[PDB]
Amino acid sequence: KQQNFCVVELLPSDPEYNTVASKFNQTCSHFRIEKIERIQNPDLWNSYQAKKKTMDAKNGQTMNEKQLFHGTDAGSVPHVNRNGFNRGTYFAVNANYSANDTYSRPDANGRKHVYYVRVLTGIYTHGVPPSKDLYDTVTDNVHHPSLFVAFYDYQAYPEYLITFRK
């Protein structure tokens, strides 16, 4: 109920650091990563896994989960670490979209913040979502997606926080 959280800084030698950095670097290699943090929020995580289990029981062969990017300002980081994206919310397939200064506002020290988020994209359509008993998310392009919009609580887990600069 409280959704208390811990913030674990990944050592550069932690396998997960290389894994998160490689995905970011598909489109953001020109930026300098200062740190990557794991957000540990047992209540938020349990709530997210509850919704994943329901969606996994519903959508047959659908791979319901994707790992997507979300840019935030520095000030929102404690809010997202506690609440996730519960309010819909825009998630990018590529980091360079989230890395735009409008979505990852540089702070007073030039530092930018993008989460690498577990998102239950489930079954989606072009765009609360419409009928079909609704779609799980809407996307810009059903066959070549670059962004997803989630409207439901506990549909996203802010697993990793990337702090970086120009």
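A residue's number is simply how far along the shown sequence it sits, counting from 1.
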Per the entry, how many deposited residues between residue 87 and residue 88 lack coordinates? The answer is 10 or more
Might you work out how many residues are unmodelled in the deposited sequence between residue 127 and residue 128, and answer none, 1 to 3, 4 to 9, or 10 or more?
-> 4 to 9
154-162 versus 9-17 - which carries the larger mean C-alpha B factor in the record | 9-17
Higher-scoring stretch by recorded Cα B factor average, 142-150 or 21-29 | 142-150
Go through 36, 120, 114, 57 one by one and give the residue whose Cα B-factor in the PDB entry is largest.
-> 57
Determine which member of 68, 44, 134, 99 has the highest CA B-factor, using the values in the deposited entry.
-> 134
Going by what the PDB entry lists, where does residue 3 fall on CA B-factor within its chain: lowest, middle or highest third?
-> middle
Select lowest, middle or highest to describe the third in which the CA B-factor of residue 109 falls within its chain in this entry.
-> highest
